Every structure is written in structure tokens, then in C-alpha cells.
> 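Below you will find the structure I want to go over with you.
Just so we're on the same page: letters track the sequence lines, and every chain starts at 1. Side-chain atoms are counted along with the backbone in the values below, which use heavy atoms only and exclude waters and symmetry mates.
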Amino acid sequence: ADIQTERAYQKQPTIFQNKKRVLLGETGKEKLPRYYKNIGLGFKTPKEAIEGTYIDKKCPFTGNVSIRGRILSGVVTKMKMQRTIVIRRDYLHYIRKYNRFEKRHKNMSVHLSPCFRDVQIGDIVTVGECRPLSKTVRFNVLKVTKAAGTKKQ
Amino acid sequence: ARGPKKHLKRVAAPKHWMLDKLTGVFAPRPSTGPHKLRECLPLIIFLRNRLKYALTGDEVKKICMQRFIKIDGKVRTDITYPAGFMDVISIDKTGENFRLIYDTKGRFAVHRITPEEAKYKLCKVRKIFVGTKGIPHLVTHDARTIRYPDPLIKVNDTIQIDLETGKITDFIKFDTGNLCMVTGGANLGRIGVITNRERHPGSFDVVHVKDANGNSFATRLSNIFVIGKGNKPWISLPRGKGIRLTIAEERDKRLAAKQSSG
RNA sequence: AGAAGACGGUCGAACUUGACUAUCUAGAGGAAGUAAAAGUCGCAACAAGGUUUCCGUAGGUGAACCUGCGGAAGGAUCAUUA
RNA sequence: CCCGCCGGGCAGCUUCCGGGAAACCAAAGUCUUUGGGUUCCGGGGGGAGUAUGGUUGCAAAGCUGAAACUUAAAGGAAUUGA
RNA sequence: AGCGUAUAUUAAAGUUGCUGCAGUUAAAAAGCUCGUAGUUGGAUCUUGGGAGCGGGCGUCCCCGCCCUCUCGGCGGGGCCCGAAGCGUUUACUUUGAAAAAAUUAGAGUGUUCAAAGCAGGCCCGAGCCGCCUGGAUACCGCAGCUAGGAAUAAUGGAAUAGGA
RNA sequence: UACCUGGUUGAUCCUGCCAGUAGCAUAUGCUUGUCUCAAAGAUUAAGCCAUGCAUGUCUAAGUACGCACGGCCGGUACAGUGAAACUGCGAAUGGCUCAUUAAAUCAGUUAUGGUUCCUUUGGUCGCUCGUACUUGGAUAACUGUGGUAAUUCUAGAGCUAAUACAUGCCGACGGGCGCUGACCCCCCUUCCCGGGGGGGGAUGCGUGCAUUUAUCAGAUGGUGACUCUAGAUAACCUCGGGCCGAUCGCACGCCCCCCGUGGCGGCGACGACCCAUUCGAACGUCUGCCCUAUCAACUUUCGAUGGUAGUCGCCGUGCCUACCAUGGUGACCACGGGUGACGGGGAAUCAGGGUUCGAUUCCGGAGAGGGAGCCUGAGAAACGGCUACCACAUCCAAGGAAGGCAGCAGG
RNA sequence: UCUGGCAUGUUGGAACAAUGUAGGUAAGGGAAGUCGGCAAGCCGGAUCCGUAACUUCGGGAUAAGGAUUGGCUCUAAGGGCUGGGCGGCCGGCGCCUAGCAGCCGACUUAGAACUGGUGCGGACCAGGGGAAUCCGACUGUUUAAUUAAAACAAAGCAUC
């Protein structure tokens, strides 16, 4: 549960966790200020993103990221990573000579913010193109949707 | 390529440029200026090819250092200066004034205007920024940045600017029911009234424009150019009111004119 | 202000070795496939081709070929009598 | 035991259903008046089920499998004689 | 003012067959079974009914019709629906927006016809101290932008109720 | 114009291919009277080049004591025609070839809110509170001397100057502000005399843009969302130093007011500190390539897949570094190889569906024998720039010098 | 080296010639010597990588080839015991539970910094290797006192 597990403690540049204190009390009673901002296209910031205590430079809400260029989606297959879920999208290419199609898929890696917790295997996740923050990952998770889930036994 | 290419070819010319194919392998490359070259016009092409005042590119240079050509009240020696949209070229020796605007055929036509009309102009803003010392400024499509604008002016508005004063005289917002002309794409060169507008958070917007003849069409925001208020433009217009007539209709008037003349 | 020059830090042309890989190439001798004018044995298949034929396996043989276990009809037999 | 009926069969036999080059076949039909789903598999005759690589086997051999070159026919069915 | 040979390639060649083949005997069904990619996967969830608007919505052929919730937004009566949504998401169909030049389809253009070229044509006692016009359109596969269509193809909703 | 015929035969129906048959590009062969257009060393040889050329340049407006000319005229003080050279700018464009390169270049769509950019244009250039009516030096051509076999070779002395280099001033404007604030004035509780509040304020530090930072308000502007463009709070502001004219021509004028020479003046050009636009520049999102399983399980101790903290990089990342659990890719064809493959816009032919060819003159990429490297420049990892190595080879007086025509002709 | 033992192996002194026996070293070549690499020399330990043909699938294999190795100063990991709300205990009142506290302990492994005239398995110990041909399959045995081999035996095969 410790936010300080890395070599150097990460700090949100905008916020000022360090504040003076008054007599008969302390600023530690109240939680630290959290900097976040919602996005357009109806991308309302989910509950865990506001009230979470996590700190991430690369999160869609508490970071520098601006989502632009193209808005896409995909499914969830594997989750063995550090804050990355591998997704794959089906698309049918048309061949003129034989007047038919071929099933095709080009899977990519998306970096997921730690605020989203409820993701299982076989559900859709909506992602959007962003800056080349990594060498391979150029997308960020913006929405989580289930697919015949909400009941696991 | 190792940097900025310094030549244009005969085929590299824009299509709406009326340049011949068998005269030369190069073209008069428009040099840098207040307009993107892909939608501008050099002085040589304006005079030699259109007005037929000069027959060779050398002769166009001859009159330029004779300093008989003026643009926006300023004498420019650049033969390849980018005379872009809303540029007025006035020749005092012949006492003629031309307003450079698009015609019904999406072409950079030459339209004669009165000197009094040439004294003022019309420009479109692009962005608003609070520059030095906390005051606003406007950057336009003409790259004529203006200090201390009217605060009521917003993005995509049209500001009247005089040649000598170079200031804001009359501004008009962007709204429905206002006359506008398309500045790109397939509908380039059409005049109509904005009937509708739809927005998209993350892509371009679409403004539906319906002209006087009922030929409705749709256009992108970046190709909208506001000229006048309501149904009356602030400036004169060329033949056809900027209305694109069909292939069959145009040939009908063409044959009628031929028969009447003959 | 500073030329010549020396130490440490990086690709590194090039070099040596080794490994892997691709292509092109010589080679004594050996053994096949291609055409033949039509040279020597008797004749396996075409008839019930006289030991129906073909299939696989095994085995043998101057050669076609022979033999056994099965397996078919391209063997002469939609049939063989209460 | 006899008479039938119903569903699943191995089946003849006749038949201008039909298709097929015909021999023959209710599938070897609904096929140019061309589309119910799909696998394996062929692309003139040889070279050749050969060479080489891989893999299985104690061996014999099995599975996978070319190229160079060469030929105007090889073939299927049917017609009358011998 | 041409023709042949040589070789590469297309149609021929339904002789690679998606369109559009064949497998008893002409080349060919694996001995058979299982099984995963992958392929193809039955009907079934608003269809009619008098709408009136037009002809020969009457039967029949081309049009919207008797989708929400918030200031009924040009401190509170009908002459209003601009925007914060979607009684869900794809595929396809049509339009619209996105289309660097040439070529090609082709508009008009003559005068040596055309291939070509985007030019030229138009009254002239010539003071005629020269008027007008063309230099358009179509297509741009697939991928993505947008507004409708909501047959066809698959998907879920709520069954131990963790249901609106 | 959605087509056959001949060819297995004693002759016929089939299967099946070829022979003829029609266009298409390279050359060969025989002939060839005219004109209008027009392709033309890519194929094996991206192999090597003798020779000649292909990048130079000046306005009234940077610099002009060249015995190369020349007007006024030797009382003046800066004439001009102008070699050459310094200074700034172009040479990274153009043009030839496809060696190399196979999700790579490129073709369609998008972003750089993830960055920069002499060039033209639009702003700004009294915004900051601290010798000027013009500053120091050498270096050019030039003269006079020299070296060898030498170049687009050159040291040492006397000169001269720049819009070249370095330093740098007064003006420009009287003041405000935040702190530190002595001192001075006024008001109220207080029967007392202490406090509670308003103001001036000398004297001190700072008080513009560019940049680095840490903090605050943000129902100034706008986007859908930037940590944005703005305002302040406290510092640095690089001596391998940012900005505030030591620049050059044109026609020449107004004022002596408190003055016989002081101020006021226009038209421009020259590069800037920063912002914008344009030519652009490079790294990016979705979508698309030829043959190949006799290439099936591959990348990863050496960075491969991601996170955290650093480094540079014009900026955003395994570009690099260290610690972290293994991850990613693959029968929807990876990894590998071949290609007589640069890609595409595009070309031949035609019922339709289609099959082939794409260097070519168009738009992008790569190369200049090979791959290495680099200084100036905004933009080079540049070859009509240099260096080193490898083959080739030019001159040599044997001590060295000097090289790349897949640029245009020609061999 | 210690406990224990000894007096250099049936004599001593002096010198340091040739030839010899035993032990070393050698510039530049690198088997040119010789019947023949005989003799000598090279390699040698351990750790981390990497290993071919062929094959009876067991091997070949320490194949071949490469890197490291000292000293010093640190770091990380690898365990044992006891306890769990003056002296006891009749008791609800306690809850060891991401295994916490205290005490005890030996041997290694890995990583890093520093450091020396790049020297470090520093002496000692301690495989040169590869491509082939012939014979015998292999292990074993044999002419004590010149022949250790291809000879003999051997399992297996066959015969009487």
C-alpha cells in the first residue's frame, strides 16, 4: 500500500504536498491535494481516478497526456506486465480478384493507468492514440467495458 | 531531401494555376510570404499569363524594378511574391485596380474594382493569444498580426483592414445566415448562406451552406470564409455571384450566347 | 589569446581468428536418364498368350522372370438347380 | 406362416427421370438455365516417385519430395475385320 | 514505306476454373476415425391495418407521418426541439466531406484532318485611343471522417434474481 | 467483334496439350521518296575514365590612395568609370542511376497540446531605473623579397577596413511597487494611562523581454481536455558573455524665440531579443507488398517486451545506464532466405472478372567504387569538401604531391 | 611445520680442466635434424560461455574455440532456540494469524567499488590438439631376465 516503492519518490509536479501547519492540529489529518482533469467526448473521469491515492505521470487523468489523433477499441487477452494490457482487434481486408475477404488482426500493447482495477479476460477496452511515450506503446486506456461479465464464480 | 527544395516544375504547379506544359520544365516558384504557396499566385503569373501585359518572364522583371506594381499599398520587387487571397494589386500608370478572389470555377480570377473599394480590404482571423505584457493580439490567415484588437472578436471572425491604416474597422462574428465563400476543397469558389453547422470534438466540423439558387452543400470549417453580413457582401463580386452551375446548364447558356452572337 | 603534443571516454574503416548461413564453382573415378541405324537370347504381357493378369510384402534368379502369404477383377464365369 | 403400413438399411430388376465420350449409372441427377458446406487431391507424355535435404526403421524400406533435359503424342470409350 | 525471323508477355487457355473445371474406366477419393486452427453455420424479437399528399399512401410502384430530459434558453402561459445523452455495439448500402501534377473517359477549341496543342474565335471606314469567352467534369481501389437506411450476418441484457 | 482450325486414328466421339493464329519491347535482316511529334547505356558491367565543361555574383544604397581610365580644378576635401580582395549570401538546390533496401521506403488518412527552422511578410526594437558630434589592434589586394618538380602551395617585414573582431557611453523618462523601514501626524477605549487603528515617509535591496527554477489565486482568452498563452511572489541570468544602431546612399529643407551654429526633420537598405506565418525539416496513429515450410516455435546473459531515477538527443521513448516478476511475437504465416525487387501516382491487353510490366522525363527514399568518419553552415554525417583504409591509378628531379563522370559529350 | 627420530647413507681436504651423469636457459628462424618430432617443449586447476563429423543414440566430450582468476573494502541471499493475555493461578476480562520480538551460529555463493610497473590456478599440483589409413570389438592376459603386440582369452555364433 506504500506509494514509495521506487528508487526515488515520485511527485506530482502541479500539487504541493508540503504545507505549513497551524496550532492544535496538523495538515496530515486531511488528504493531500490531487490534480486531475476530465476530457471531452464524454470521457468522464471514473470514480477511482479522482479518489485514488496512486501517483502516475502517464495516467490519462493525473498526467501530461493529451489523447488525440484517433479513437479506437479492442479486446483483453493477457495481463502479464507492469501496467500494460495486450489487446487485439479484428478487421476484414477485401481482395478484389476473389471478391471475398480475409480475417486479419494486428495486436498492440496499451499502457493502462492503475486507477482501473476491474478488468477480466474477454472484455472490450477503449483506447486512444497518444504520444510515443514508449518505443512500442502509443495508446492509453480511456474506458473499460465488460462482455458477459459482472458474475465470476 | 537535405532541406528546403528550391525549385518548382511545370507539372509541380497547382492545377488551378493556368500554366502551359510545353513552354518549360520549370515554373515560376512562388517564394515565401504571407500565404501558403499552394493557394497563392506570383506576380509574373498574374501579369504575363492573365493580363498579357508582358510576354516574357524577363519583361515581368523589367516592370517590377520599374516599380509600377503595388500590393496592399506597398511596392514589392519580388516577382514571385505570394499574392494570396484578399490581395489587391493596383497599377497607377494605367489607373486600374484588381481584387484577387475566386470565381465560380474555383479559379484565382482577376476582378476589376474601383479605387475607393481598393482602399479597404477584408481579412479572416485564425487565433487569439495574450502576448507581451498581458494584452491580446490577433493572428490571421494573412499573417498580419494586429495589436490591441476589439475584445468582442473571437476565432474565425472577419476583420476589415485598410491598406494605409492597417487596423480594425468593422468586425463580424461567425453565425448562421451570414454570406460565406469556400476557400478549399471541391466547393472552392462558391458563395452561399450558412444554414447549419455541426461540431465534432476531436475532428473537423461541417458547415452546411445553401446558396441563393438552392444548391445546398457541406464544407469544412477551415474552408469557410466570411465576407458580408446576412445576404449582402461588403465587397463587389465577379460574374455569376459565385454560383456553380451544372455542366448541362453551362452548355445551355454557352450555346444560347453563341446563337445570339451569330 | 593560445599552436604543437600527451592521458582517459565512443562509434569505428580495416585486420586476425572462430562460428553460422547463402550462392557460384573444380574433380580421378562411379552410376543413371536421354536418340539411334536397328546388332545377340526367347518371349514375360495382348487369346483362357497355354503357369488369367495385375498389386503389396518377403525371397531368389542371365534376363525377361519364378515362388509363398494374402487382395482385386483390367481371366475365359450378373446364373448352376432339393 | 400370410396380408399390409411406418423408419433406419445391404441390395437387384425394368425404366426416353436425368445426366455421360460411351461403356454404364436414381446418382456416376438436380451443372452455362453454371453458387447448399467443406477437406483431400489432378493440371500433356516422360525424366520420376529419381536426386538432394529432413524424419521413421534392426534391415529391407516407408513418409515428404525437385530440377536439368527430352518428346507431338500417350491416353479413355466405341465402330467393323482378323 | 513496309515485312519476316529470334526471344520475352497477353487473349486464345473453362489449359489454375472467385467469376468459371475435374477425380469409376482419360491425371486423380487419403484405408478409416478423431480433433484444433481456419471455413460454413435453421425459423424464431413490430406485420399489417383506415392514415392524406400525387398520378394509372385505395390492391400495386417513388415521401415524412395520426426516439429521451434540463433553464418548454431565438424566479416560471402554446407560437418551443441549439446543446450534457442514446430503448447497446459491428458488417454492408447511399449521399456528403477528405482527393500533389501527367495519362486515361470526355466538354468546347480547327483549319494542313488527326496523333497533337489549350488555343483561338469576333466588326475593321481601321483611331477599333479593341469587347466577350474557354483553360470545365467523371473515376480515385482499400483504410479512416460524417449523416441516414435498420431486411441480411454474429453478439448481450434479468433464472440461485447481485433484476429496471 | 464475349470467336477457332490442324495435330493421337481403319475413320469417330472425348480428355489433353502444343503447332498456326492476333497484339505487345528490344535488337537483327532486306528496302526506304516527304513531313508533323517523339523513345534512345537499365539490363551481362553501381566496372574503369584520358580530355573540355557543368556555380558564380554588385545596387544611388558595406568597404575604392591598383601609375587600368577620367570631369571640376590644385584655395578646397568624400567625386566617379572600376581589376582584385575582405565582408554577407548560394553551393545540402539542380541533374544521373536503383547498387542497397521487403511493414522497411512508399500509397491513402491523422498528429507534432511531443519540436525546430537564415529565408519573405506582420508585430517589437524610449517597456529594464544603472570619446559619444564616433572606440583598440592586426590582417587583403599592392610593393619589395624566396623555395623546389609541383599544385586552387606558400612563411617571414612596412603599410592600410569594413555591415569583419573585441570593448563601450550619455541621452532615453519622472516616478511607482514589494520588503526592510528610523522619524513624523491624526482617531478611539481609558474617572487613571496603556494599548487598539489609520496615514505619510528620508535613508537601503531589487523591480523588461530571452532562459532555468519552487509557490499562489485562478465560474485575461480560448480548446474537449495541455502543467497553455497571461499576473505576481524569491534567486541565477553563462567572460567558449543575448537585445537595446560606432551602418550605408537620395533630394534637401524648418526654426537664431533665452542666437551665427544648436536643435527639428523624410525616403529607404543592412541584422537583430522574442512571437506569428510560409518554404519546409525529422520522429509519429489507422490501413496496404512478390516467391518461399526441403524456414516451427522464435526475440531475451551482449536491450529484446515494460515500469522507476538518471544521461544526451532541437524535443517524447531500451538511444543509453541501474533496479525490478517475467514478457513479447507465431499457422490470420512470425523468425529466415531469395528477388533477374527502390515505391507509388502509373503502362500493355480486354464481355466481364482479369494477366502481366513499373529505372525511366512525375511525386517521395537511397547512392556517388566500398562502407567508415567529421569542421563552416539554419538545414550535411556532404564526395564537382576533407581525412584514413581497401583494389585502381595520375606526375615525380624518388624528399612528396595529387584522385574519384551510376553529372554533360566522348573512350 | 609439531610429537617422535636422524646425521646424509662403507671416508674426508683442496680445486672448478676436458669428456661425462643430472638439472636449466637461449637471439632470428621453427623439424630445414632424423628411418621416424626420438628427446624436449606446448597444454594443464577451477568458474562462466561454446562445442563438429560420425554413431551401436549410450557416446565422441575436458571435442575444438573463447573469457575470468591477486589484494583490499563492502553488499545481498542462504539457518537454530525461546516466547507469546518471591513464585503461582479459580477465573469472563486476553488473540501470536502480511510471522513478530529476543537470543545464538557456521559454512559458502553471487554482485560491486577501490587498488598494484596487466600481475594473480604467481611455488606446488596439473589433459597439447585436429584430419585420416591398417589391426584388434571393448575391459582383461602374456614370453620373471631383450619381443605388451595385430599374439592369447573373452561374451556371441555354430558344429560334434
> Output one line per pair: protein atom, nucleotide atom from nucleotides 111-115 of chain F, and distance, for all N/O pairs under 3.5 Å.
{"residue": "F/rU112", "atom": "OP1", "partner": "A/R68", "partner atom": "NH1", "Å": "2.8"}
{"residue": "F/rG113", "atom": "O2'", "partner": "A/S66", "partner atom": "OG", "Å": "3.3"}
{"residue": "F/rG114", "atom": "OP2", "partner": "A/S66", "partner atom": "OG", "Å": "2.8"}

> If a positive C1'-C2'-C3'-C4' torsion means north (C3'-endo side) and a negative one means south (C2'-endo side), where does F/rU134 fall?
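A south sugar, the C1'-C2'-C3'-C4' torsion of F/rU134 being less than zero.
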> Reading RNA chain E 5' to 3', which nucleotide is the first, and which the last, to come under 4.0 Å of any heavy atom in chain A?
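Extent of the interface on RNA chain E: E/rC18 to E/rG162.
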> Which way does the sugar of E/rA159 pucker, north or south, judged by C1'-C2'-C3'-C4'?
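The E/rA159 sugar sits on the south side, the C2'-endo region.
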> With both distances under 3.5 Å required, do E/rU137 and E/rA105 pair Watson-Crick or G-U wobble?
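WC or G-U pairing between E/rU137 and E/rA105: yes.
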> For A/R88, what residues pass the salt bridge (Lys or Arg N to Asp or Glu O under 4.0 Å) criterion, not counting sequence neighbours?
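Salt bridge (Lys or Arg N to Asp or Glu O under 4.0 Å) check on A/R88 returns A/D90.
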> Just to confirm a value in my table: E/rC128 sugar, north or south, sign of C1'-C2'-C3'-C4'.
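On the sign test, where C1'-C2'-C3'-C4' is negative, E/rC128 is classed south.
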> If the condition is side-chain contact (heavy atoms from CB on, under 4.5 Å), which residues does B/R126 pass it with, not counting sequence neighbours?
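Applying side-chain contact (heavy atoms from CB on, under 4.5 Å) to B/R126 gives B/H141.
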> Taking the purine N1 to pyrimidine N3 distance and the second Watson-Crick contact, or the two G-U wobble contacts, each under 3.5 Å, tell whether F/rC53 pairs with F/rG407.
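Taken together, F/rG407 and F/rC53 make a base pair (Watson-Crick or G-U wobble, both distances under 3.5 Å).
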> When the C1'-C2'-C3'-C4' sign is the only test used, does the sugar of F/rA77 come out north or south?
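South, since the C1'-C2'-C3'-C4' torsion of F/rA77 has a negative sign.
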> Does A/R96 make a side-chain N or O approach to OP1 or OP2 of F/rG353 shorter than 4.0 Å?
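No, outside the criterion.
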> Which residues pass the side-chain contact (heavy atoms from CB on, under 4.5 Å) test with B/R199, not counting sequence neighbours?
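B/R197, B/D205.
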> Can you name the residues that form a side-chain contact (heavy atoms from CB on, under 4.5 Å) with A/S113, not counting sequence neighbours?
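By the side-chain contact (heavy atoms from CB on, under 4.5 Å) rule, A/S113 matches A/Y54, A/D56, A/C59, A/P60, A/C115.
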> According to a 3.5 Å cut-off on both distances, are F/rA348 and F/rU355 Watson-Crick or G-U wobble paired?
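Yes, F/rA348 pairs with F/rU355.
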> Looking at F/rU119, I'd like to know if its phosphate oxygens (OP1 or OP2) sit under 4.0 Å from a side-chain N or O belonging to B/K6.
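Checking B/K6 against F/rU119: no side-chain N or O falls below 4.0 Å of OP1 or OP2.
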> Within residues 145-163 of chain B, which residues have any heavy atom lying less than 4.0 Å from an atom of RNA chain F?
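The stretch gives B/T145, B/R147, B/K154 as the residues lying under 4.0 Å from the strand, ordered by number.
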> Using a cut-off of 4.0 Å on non-hydrogen atoms, how would the nucleic acid contact of B/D78 be classed: base, sugar-phosphate, or nothing?
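It contacts nothing in the nucleic acid.
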> State whether B/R76 places a side-chain N or O below 4.0 Å from either non-bridging phosphate oxygen (OP1 or OP2) of F/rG122.
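For F/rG122, OP1/OP2 do have a side-chain N/O of B/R76 under 4.0 Å.
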> Does the pairing criterion hold for F/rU121 and F/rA296? That is, Watson-Crick or G-U wobble with both distances under 3.5 Å.
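Not paired: F/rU121 with F/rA296 fails the WC/G-U check at 3.5 Å.
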> With sequence neighbours left out, which residue pairs that include part of residues 23-55 of chain B fulfil the ring-ring contact (aromatic ring centres under 6.0 Å, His included) condition?
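For residues 23-55 of chain B: B/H7-B/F26, B/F46-B/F98.
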> Go nucleotide by nucleotide along RNA chain E from the 5' end; which of B/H16 and B/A218 gets its closest nucleotide reached first?
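It is B/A218, whose closest nucleotide lies nearer the 5' terminus.
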> If you assign each of B/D103 and A/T150 to its closest nucleotide in RNA chain E, which residue comes earlier from the 5' end?
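Residue closer to the 5' terminus by nearest nucleotide: B/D103.
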> I want to verify the glycosidic state of E/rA13; is it syn or anti under the 90° rule?
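That one's syn.
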> Considering residues at least two apart in sequence or located in another chain, which fulfil the side-chain hydrogen bond (donor to acceptor under 3.5 Å, both in side chains) criterion with B/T219?
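side-chain hydrogen bond (donor to acceptor under 3.5 Å, both in side chains) list for B/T219, sorted by chain: empty.
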> Could you check if E/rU33 and E/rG76 make a Watson-Crick or G-U wobble pair, where both distances must be under 3.5 Å?
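Donor-acceptor distances not both below 3.5 Å, so no.
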> Near RNA chain E, counting only heavy atoms under 4.0 Å, which residues of residues 237-262 of chain B show up?
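Within this stretch, B/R239, B/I247, B/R251, B/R254, B/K258 sit under 4.0 Å of the strand.
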> Pairing defined as Watson-Crick or G-U wobble with both contacts under 3.5 Å. Yes or no for F/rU277 and F/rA111?
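No.
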> Between the base of F/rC279 and the side chain of B/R38, is there any donor-acceptor pair under 3.5 Å?
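No.
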> Measure all distances between protein nitrogen or oxygen atoms and nitrogen or oxygen atoms of nucleotides 232-234 of chain F, and list the pairs falling under 3.5 Å.
none

> Closest approach to the side chain of A/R7, judged atom by atom: which nucleotide of F/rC289, F/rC323, F/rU110 is it?
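Nearest to the side chain of A/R7 among the choices is F/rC323.
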> Please classify the sugar of F/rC187 as north or south using the torsion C1'-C2'-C3'-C4'.
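On the sign test, where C1'-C2'-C3'-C4' is positive, F/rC187 is classed north.
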> From the options F/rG328, F/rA225, F/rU119, select the nucleotide whose nearest atom is closest to the side chain of A/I39.
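So the side chain of A/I39 is nearest to F/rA225.
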> Would F/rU152 and E/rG17 count as paired if we go with Watson-Crick or G-U wobble and both distances under 3.5 Å?
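Paired, no.
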> How would you list, by chain and number, every residue that makes a side-chain contact (heavy atoms from CB on, under 4.5 Å) with A/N18, sequence neighbours excluded?
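Per chain and number, A/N18 pairs via side-chain contact (heavy atoms from CB on, under 4.5 Å) with A/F16.
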